[PDB]
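Presented below, as C-alpha cells, is a lone chain in the form deposited in one PDB entry.
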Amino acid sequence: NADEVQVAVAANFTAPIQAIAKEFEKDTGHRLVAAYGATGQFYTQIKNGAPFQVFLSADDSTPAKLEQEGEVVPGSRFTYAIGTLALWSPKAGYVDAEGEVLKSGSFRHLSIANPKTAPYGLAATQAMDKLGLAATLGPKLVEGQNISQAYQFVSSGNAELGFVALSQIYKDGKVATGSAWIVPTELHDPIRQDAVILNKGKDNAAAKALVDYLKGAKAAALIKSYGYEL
C-alpha cells in the first residue's frame, strides 16, 4: 500500500481528522495515522524526534516557533481551520444564552484545558481576563491535559461547565447538545489553527497529498460541518 502519513493532531481536531482520514484514504490510498493531544506536548515530542511528518496545530505561533527552530519545511505552514470557544454544560439552560452563569453562577469547578500547552485553554484564560473575571474564576478552574480532557470533565460530571472547543458540541449549523454560550471573539485571540510539514515529511508523498487534501473540497466541507471557519 502507499506511503503512510504520521500526523500530530491537536486534540480539538480529533473527530474532524478521523472523518477526514476515511475520505482521504478512500481518495488518495494514503493512510493517515494520527496521534491526539495538546499542541505544546507535540512541540516537545517533535523537538525530541517523534516520527510525525505532518502537524495540525490548534494555534499558529507553535508551528511558527518550530520553523524558527529548524524543524519545519519552509513554505509549508498554512491555516487549515479557525476554531471557536464555547462555554458548555450537558445540562440544558444551566449555561444561559448570554453566559451570565460565569458572573452569577454558584459552580465550584470550571473546566479549561491546560493553557500552557493547549491553545483552546489559552483562549479561555484570555476571555476570563478581558471579561474582568480572572481573579474570581481562578480558584474554580480545573485543567485537563488538552481540550478533549477538559470537555470530558464536563461530560462526565467532574465539573459543572467548561470552556470547550466548538468542534466538540457542534454539528450541521448548530450546537447539538446541552447548553452553550459562544464566546465572542473580541475576548481572546482568534483561534487560527495552522498546519506545517515537519522535517520527516519533506519529500514524503502521503504528507504532500495530505496538506493538498486539507485544502480540497471534501476536507473544507467537513471542517465547516464541525463549526470551523475557512
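All residue numbers are counted from 1 along the displayed sequence.
Missing here is the form deposited in another entry; even so, the following discussion is about that form.
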**Request:** Pick out which of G162, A81, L210, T39 lies at the hinge where one rigid part swings against the other between this form and the one not shown.
**Result:** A81
**Prompt:** Between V154 and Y36, do the C-alpha atoms lie closer or farther in that other deposited form than in the shown form, with a difference of 3 angstroms or more?
**Reply:** farther
**Request:** Would you mind telling me if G173 and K22 are closer or farther apart in that other deposited form than in the shown form, C-alpha to C-alpha, with a 3 Å or larger change?
**Result:** closer
